[PDB]
């Protein structure tokens, strides 16, 4: 059971947006896919500055918009199997400010 995030790392300028695509390798027929923020919360699209989309049973896309410095950290994509199998991938999201 394997999950991967594209891109594998990211930097977002303050106020800007970036997406990360989590994909399961293989059949995710009976598998659940969830994104978690650095503070541990399971992420849902109603949240401020956050979008989570489940494209199909094998991939889920996280989008961070209007990026705040408080949004930086290790985000995690977890895939959970019917059989109790489980794996995760992590992406380190850095937030920065620079001359614009």
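Positions refer to the first chain, counted from 1.
Here 23-31 and 45-53 are compared by their mean Cα B-factor, and 23-31 comes out higher. Here the stretch with the larger average CA B-factor, out of 14-22 and 84-92, is 84-92. For residue 66, the recorded CA B-factor ranks within the middle third of the chain. Only modelled residues enter the ranking. Residue 39 sits in the lowest third of its chain by CA B factor, as recorded in the PDB entry. When the CA B factors of the chain's modelled residues are split into thirds, the value for residue 59 lands in the middle one.
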